C-alpha cells in the first residue's frame, strides 16, 4: 500500500501473478510465453501525470513520434523513419511486403493500418500517397465532437479493427479499440489490447494512450482523469523471467509529467517540440532483455 508510485507497484503485481499463475505455451525457437487471459489495471492521469514505467525505460521518442503519425492518418513508415524512429521498419521493408503478397507496393506502405482506420474507417484504400479526405468516417474528429457536445455519452469509441481491411494490413491491430468517458469534468480512457508483451509492448502502449488522453483533454478543455488498461492476452516471454524478476524488485519512482508548451488549434496540431516530458526518472538499463 505505502508506495510512492502505487499505479506501477500494481503493474509489477500483474507480472508477478502471470508468473505465479499463468499458463505456458512452450517451444524451442526460444519464443515461449506465460499467459493470463483477461486482466485490468488503472492509472491516474491527474496533475499532468503520464504512466511511463520507471522500473524499465520506455522509448518515449517512438511512443511520441508514432502517436502523432497515427493521428496524422499516415500509413507510410517512411515518415516515421525520417525522424529516426524505426519500430515499424521490419514490417515495411520490401521483403516483408513481398512475402505477404503485397508485390505492387512501394516500401513503407503498411496498408490501411491504424491511422487509416482512425481517420477514414471504411474508405477505399489505395496507397499511402492517396488523399483520403471526406472519405470514410473520421473517428477521432467525432470523438472530439462527443466529448465537447455530449459529455455524458457512453458511446465514445474509436476503433481500428476493421474486418474488411485486415488482410491488406502488414499487421493486425493489437490495440483494438478505445472508449473515452467523461465524469466530473475529467477525461478518461479505456483501452482494449488483444495481446501484449509485458516487458515491451504493454508498457509502450500504456504510455501511448496516456499521451492521447492528455492531448485530447487539452483540446476539449478538460482535466485528465484515469486510463483503464484491459488486456486480452497478457503474457510474458519465459526467456526473460530473469530480467522481469530483477525488475520486480526495483522500487518505482514517480511518473513523469506532460507539459504542452503552446496552444493547440485541434488534435491535428501537436508536434514533437511542444510536448515536454518532465522528470522522467528511470532505473538503470536492464541486463538481460
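Just so we're on the same page, rigid core means the largest C-alpha set that superposes within 1.5 Å between forms. Residue numbers count along the first chain shown, from 1.
Two stretches, 91 to 99 and 158 to 166, are weighed by how far their CA atoms sit from the shown form in 4 other deposited structures of this protein after rigid core superposition; the farther one is 91 to 99.
Displacement analysis by core superposition in 4 other deposited structures of this protein ranks 238 to 246 above the other of 38 to 46 and 238 to 246 in root-mean-square C-alpha distance from the shown form.
Between the stretches 244 to 252 and 47 to 55, it is 244 to 252 that shows the larger average CA temperature factor.
Relative to one another, 176 to 184 and 137 to 145 have unequal mean CA B-factors, and 176 to 184 is the one with the higher figure. Per the deposited record, 28 carries the highest C-alpha B-factor of all listed residues (223, 28, 229, 61). The entry lists a Cα temperature factor for residue 105 that places it in the middle third of the chain's modelled residues. Residue 154: CA B factor lies in the lowest third for its chain, per the PDB record. In the deposited entry, the Cα temperature factor of residue 197 sits in the middle third of values across the chain's modelled residues.
Split the chain's modelled residues into thirds by C-alpha temperature factor. Residue 39 is in the middle one. In this PDB entry, the Cα temperature factor of residue 214 sits in the bottom third of its chain's modelled residues, the lowest group.
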